[PDB]
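Worksheet: the structure to be examined is printed underneath.
Protein chains in written order, with my numbering: chain A, 104 to 152; chain B, 104 to 152; chain C, 104 to 152; chain D, 27 to 76; chain E, 27 to 76; chain F, 27 to 76; chain G, 48 to 250; chain H, 36 to 136; chain I, 21 to 71; chain J, -6 to 43.
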């Protein structure tokens, strides 16, 4: 009951929320939801044209 | 909501009114509505004859 | 009680008031309530005649 | 007469439209303040957690 | 018109994205508190041992 | 005509360039705020430690 | 839920972009309209000059007008919203076969059938017509604007040359573009009411 | 007890969702209402133009209005709360047979 | 080429079948959630029985 | 509204995503065992082969 914390999803939720927050600031600092192409390739290609 | 001012028509209205005012003075200083041929080519050709 | 801000109408009110203000300036800079045809198609067609 | 009617179609009442503008910009600042208040509750949810 | 559509592709709604940010940072603190609670049980396993 | 074309090459639209300036300075303050938020997480890592 | 919500947001986005399209179109129609007003001026002047000034002044007037018509078709060709022709006959109201109308279906809502289509039609030949234009009249009144030397021949008598005829068909072309602009203004209203319904729904 | 309690909680949940439905419906009716106000404006103008402007201006007015009506039925059709038609005749007040309401 | 007309290309058709695929995976997830419930009730019955 | 090439981009994305669908149905394993593929289909022609 101790040798492995059962709260392991909680860790990946922590990583998820941290990475999320990072990407949020990336958008907030840039002023672009499409700042990196991984965001939305479709809207990217559109915005290119 | 910030990375691009929505007030963009306002700029072209500014350019429009400035250019307008310029042409106005052009007429006011010359005393000719037909000062440049771009004004009225028809009335120009008439005034030529 | 936290994972989604309940204040979501407030956002669309923000977009609404901003877009409104934009259109207001559009009129104020142009001197035309009928500047774009989306304003009033009826009064537009009239003003055309 | 015609140009007068034209004007009554097209002519902005800058007074009215600036009262309206002043209003609407203030509604923007208003609702923005409402977000600035709205987002302050989840931190007190953290206070519930700890 | 084109730049408007560009904006509607690219333009962040800083309001939305800051509500989202505030949220997510708080979820970080949240889950961190959840670890801070989670790790407190094995000591009571020691209390079972002694 | 020539000086007009010169101007259309060289002439700043101070209106456009000040909207752009105001924007960019605000983006500086923006991203600075983003750092001011970013650096606040490791302290909650300390809270995980203790 | 999340299906309808995400597609709703994309539907409002879609809507604002459709608005932008029709704003581009109607701006092209604003300048179209401006030219047609100018043509009307030139026809009024032409009507006086038909018995005041000579065939050569009229020739100058039609150099101007025909150039302006060339600019009409130039607008109907060059005007594009992200590359797409807006004004030409490609989105005509009613072909012989309704299947070939190719109508401007836009996405409006988040589910099936939640779509609206429209039509656009402008070119040089925007003069009178029953389904298409016609020959000496109803097309060339806009494409040619006949008064080269032809209002030196008569007042309004010919009814196909005649000044009354030319002018009334110019005014009708103004009415064609008018009604089209009126359509797109209504369309914009429809999409605004739409995005309101969408935003509230999404809430 | 626990039966009534759990079903009660689900009943309040059910209630808030019913609220959300009628809020969607009434928002559609807010824009409906907005259009009808606009129609009224166009009728007022139409009434003056009946002896001031011509049949073609009226034709323009009715291009607008008829388009707006097309938007009325468009609202009554497109407006849905989780896919469900809200405004159309499917939930009419009183059919000939009350069973079909 | 069309709006929804073809009924096999058509946008109404494409979209409704996408939504049905969502319903397929949906119902499957629903199954496995129920399965999990069944095994939880199971392990309860087991634990009590074993006592 | 947009052209065949933008649609081509959209389907580059979508078809890639479908490739990821089958990629999930193939890669997803619980201690090596395929879970999502047709190996555990609902109803074959012969129920014995389910």
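The beta carbon of each residue, even a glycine, is placed where N, CA and C say it ideally should be.
CA nearest to the CA of residue i, picked from the options
i: residue 38/E; options: 120/A, 126/A, 131/A, 150/A; result: 131/A
i: residue 116/G; options: 200/G, 205/G, 191/G; result: 191/G
i: residue 242/G; options: 133/G, 56/G, 184/G; result: 56/G
i: residue 74/H; options: 122/H, 106/H, 112/H; result: 106/H
i: residue 104/C; options: 31/E, 29/E, 53/E; result: 53/E
i: residue 126/G; options: 69/G, 99/G, 109/G, 149/G; result: 69/G
i: residue 143/C; options: 98/H, 129/H, 131/H, 39/H; result: 98/H
i: residue 45/I; options: 30/J, 26/J, 25/J; result: 30/J
i: residue 56/E; options: 35/D, 58/D, 29/D, 73/D; result: 73/D
i: residue 75/F; options: 62/E, 67/E, 76/E, 75/E; result: 62/E
i: residue 136/A; options: 33/E, 27/E, 69/E, 28/E; result: 33/E
i: residue 121/H; options: 61/H, 40/H, 130/H; result: 61/H
i: residue 117/H; options: 92/H, 76/H, 50/H, 55/H; result: 55/H
i: residue 106/B; options: 71/F, 68/F, 50/F, 58/F; result: 50/F
i: residue 30/E; options: 248/G, 71/G, 169/G, 121/G; result: 71/G
i: residue 69/D; options: 43/E, 36/E, 70/E, 48/E; result: 48/E
i: residue 59/F; options: 145/A, 146/A, 129/A; result: 129/A
Burial state of residue i (16 or more Cβ within 10 Å)
i: residue 7/J; result: exposed
i: residue 145/G; result: exposed
i: residue 65/F; result: exposed
i: residue 141/B; result: exposed
i: residue 58/I; result: exposed
i: residue 89/H; result: exposed
i: residue 49/I; result: exposed
i: residue 68/H; result: exposed
i: residue 188/G; result: buried
i: residue 221/G; result: buried
i: residue 240/G; result: buried
i: residue 152/B; result: exposed
i: residue 145/A; result: buried
DSSP-derived helix/strand/coil call for residue i
i: residue 111/B; result: coil
i: residue 193/G; result: coil
i: residue 71/H; result: helix
i: residue 59/I; result: helix
i: residue 75/D; result: helix
i: residue 135/B; result: coil
i: residue 71/I; result: coil
i: residue 144/A; result: helix
i: residue 52/H; result: helix
i: residue 128/C; result: helix
i: residue 104/C; result: coil
i: residue 154/A; result: Shown here, chain A extends from 104 to 152; a query on residue 154/A therefore has no answer.
i: residue 152/B; result: coil
i: residue 98/G; result: coil
i: residue 244/G; result: helix
i: residue 75/G; result: helix
i: residue 29/I; result: coil
i: residue 46/H; result: helix
i: residue 203/G; result: coil
Under 9 Å by beta carbon: chain L residues contacting residue i
i: residue 152/G; result: Going by chain labels, chain L is absent from the structure shown, which instead holds the protein chains A, B, C, D, E, F, G, H, I and J.
Uninterrupted alpha helix (DSSP H) stretches inside the stretch 110 to 190 of chain G (no shorter than 4 residues): DSSP runs (the alpha helix (DSSP H)) wholly in the stretch 110 to 190 of chain G: 187 to 190.
Selection of the stretch 35 to 58 of chain E by Cβ proximity to chain C, strictly under 9 Å: Of all residues in the stretch 35 to 58 of chain E, 39, 41, 42, 45, 46, 48, 49, 52, 53, 56 have a Cβ within less than 9 Å of some Cβ in chain C.
Whole runs of the alpha helix (DSSP H) within the stretch 37 to 70 of chain D, excluding any shorter than 4 residues: At a cut-off of 4 residues, the continuous stretches assigned as alpha helix (DSSP H) that sit fully inside the stretch 37 to 70 of chain D are 40 to 64.
Residues, ordered as in the chain, of the stretch 119 to 133 of chain C that lie near chain D by beta-carbon distance below 8 Å: If the cut-off is 8 Å between Cβ atoms, the stretch 119 to 133 of chain C has 120, 121, 123, 124, 127, 128, 130, 131, 133 near chain D.
Residues within the stretch 212 to 235 of chain G neighbouring chain H, beta-carbon criterion of under 8 Å: Residues of the stretch 212 to 235 of chain G that bring their beta carbon within less than 8 Å of a beta carbon in chain H comprise 222, 225, 226, 229, 230, 232, 233, 234, in sequence order.
Within 9 Å of chain I by C-beta, residues of the stretch 161 to 176 of chain G in sequence order: So the list reads 162, 164, given in the order they occur along the chain.
Where the stretch 51 to 73 of chain G meets chain E: residues whose CB sits under 8 Å from a CB there: Identification of residues in the stretch 51 to 73 of chain G having a C-beta nearer than 8 Å to some C-beta of chain E yields 60, 63, 64, 67, 68, 70, 71, given in sequence order.
Residues of the stretch 89 to 117 of chain H with Cβ closer than 7 Å to any Cβ of chain C, in chain order: Within the stretch 89 to 117 of chain H, the qualifying residues are 92, 95, 96, 99.
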